[PDB]
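Chemist: Dropping a structure here in structure tokens format, bear with me for questions.
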Amino acid sequence: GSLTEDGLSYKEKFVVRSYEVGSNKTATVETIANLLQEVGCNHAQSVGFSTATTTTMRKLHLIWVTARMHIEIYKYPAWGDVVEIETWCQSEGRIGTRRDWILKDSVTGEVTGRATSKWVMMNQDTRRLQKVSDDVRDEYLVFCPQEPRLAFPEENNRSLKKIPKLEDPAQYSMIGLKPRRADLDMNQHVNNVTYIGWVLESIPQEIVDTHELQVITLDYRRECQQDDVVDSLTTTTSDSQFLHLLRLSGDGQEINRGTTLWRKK
Amino acid sequence: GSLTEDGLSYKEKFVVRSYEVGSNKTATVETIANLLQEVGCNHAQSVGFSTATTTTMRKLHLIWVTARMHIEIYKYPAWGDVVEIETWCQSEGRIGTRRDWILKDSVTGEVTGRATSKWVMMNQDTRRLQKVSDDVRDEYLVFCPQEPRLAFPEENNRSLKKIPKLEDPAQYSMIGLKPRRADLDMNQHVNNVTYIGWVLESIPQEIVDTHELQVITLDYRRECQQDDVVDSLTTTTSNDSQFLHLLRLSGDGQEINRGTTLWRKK
Ligand SMILES: Nc1noc2ccccc12
Ligand SMILES: Nc1noc2ccccc12
Ligand SMILES: Nc1noc2ccccc12
Ligand SMILES: Nc1noc2ccccc12
């Protein structure tokens, strides 16, 4: 992979692996989400982030945390295909930052997918959110394009729509989901992609067999600890559309809410 | 990746990814096992296997299934490091075939790991095992070296040791493990690497925090179906710690796997 000529975005090519594909022999949405996080990490490393916190963030024990992930796939790359992904960051004032991605077929150059994410600053010890200071902002502004560059430019598009809370009883559910060591990242926290997999666990297999996932929007509210147990709830709201909720199996504390849009194969 | 000059083995280089590493910022044994299966698939594709069954196997509805996996790691590659893996197959008569792997640091060229696996032929529909026929053997012999080439050449080496059955009560356990869609392969069967992860779930976190996994041997006896629930059992059998492992169905206690692990103090 490499930073582009202007040093304001990063591109990397990936060959889809045998274990990364589903029954259609194309990459799963979890493989795509893993590749988006990989190209994001390689981008941070390439612009100087130590092995993505700035000097002032490390001093104040502050970290970036995902608030929302939104992915739209037009065509999933097949096993053996090369997919090229370009990513960049942009500040959205004191609220936080946005990381965007564009996925392309390396052979044709056509856009096969796009993604966007909202990141907020959190104190790693107290878990208190807080806005972005001018000192922190000034440290990372030099790595972002200044004119707006949006993967989702359309005025008030799917990536920015408010998501309601699923009301009991859910139409479908998958209960007692627990993370194993492979679900954790290098910091022993549950990987963000695991939550996407858990959301998808409550979609009936008949939908997965006759449809392709087109759009997924996920809000992150609270993290699942290594010893927590999760229930995944889904209700049809309609192409098929679903409303999703992940909550702790015991007291019902919300961890995530989301929506999915599926296209008939 | 590419077949070597003689066309009897295959090599591929991998850059270790950020999500593929554990708390030590080096690749997990499950990432290594996934890379071994990836280089194995690329080897089958390179020698002509359709997207690894031969013409006669497809006609008879026969497939290769793993009976045993054995992995020994000297050094786990760090995040961003390039690891080179070489793999080859050898027939072991009518019993089945063996696939071996060698892992190397691409920068130094030193051997950082090795692995070996035993594969048996099974009818896809009835699940009945069988010896390999001469017709099937003749179709894949041309892709294997004829002189023995062993990743584990040693005399009474660990890769061929018989594994006993763990007796209740287990010292440690992790109950109610279920596969999710990411645990399935392109044929909707549980991926072999998932079973390694489930075995490791019952190792106490204190061992994982103070030791590095050196050797893992796993026998495969029965597959976990998409709607089955598994219990992972572990008992210490021992600077080094050794454990005996058992995976069984949560309900009736039907064995799916048995294994052993060897851990060295960090
Ligand atoms: N999950 C991630 N997407 O982009 C990133 C950039 C730096 C670190 C983590 C990520
Ligand atoms: N990892 C990063 N690359 O560019 C950035 C700009 C702002 C915040 C983080 C990053
Ligand atoms: N899991 C595997 N290791 O090697 C292989 C070769 C062909 C197909 C599957 C595998
Ligand atoms: N996938 C394969 N590459 O070489 C082989 C030799 C024997 C059996 C299978 C394979």
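What you see of chain B is 75-125, 129-315, 332-359, where the numbers are those given in Swiss-Prot.
Looks like X-ray crystallography, 1.7 Å, at least that's what the header says.
Quick reminder: no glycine exception, Cβ is built from N, Cα and C everywhere.
Quick paste from Swiss-Prot:
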ACT_SITE  B:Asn264  active site
ACT_SITE  B:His266  active site
ACT_SITE  B:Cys301  active site
Chemist: Could you tell me which of these active-site residues, B:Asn264, B:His266, B:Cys301, has the greatest number of Cβ atoms within 10 Å of its own Cβ?
Modeler: B:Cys301
Chemist: What is the straight-line CA distance, in whole angstrom, from B:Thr125 to B:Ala129 across the 3 unmodelled residues?
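Modeler: What separates the two Cα atoms is a distance of 8 Å.
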Chemist: Do me a favour and check the Cα-Cα span between B:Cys301 (active site) and B:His266 (active site); whole Å is fine.
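Modeler: Per the Cα atoms, B:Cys301 (active site) and B:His266 (active site) stand 8 Å apart.
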Chemist: Let me know the DSSP-derived helix, strand or coil state of B:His266 (active site), please.
Modeler: coil
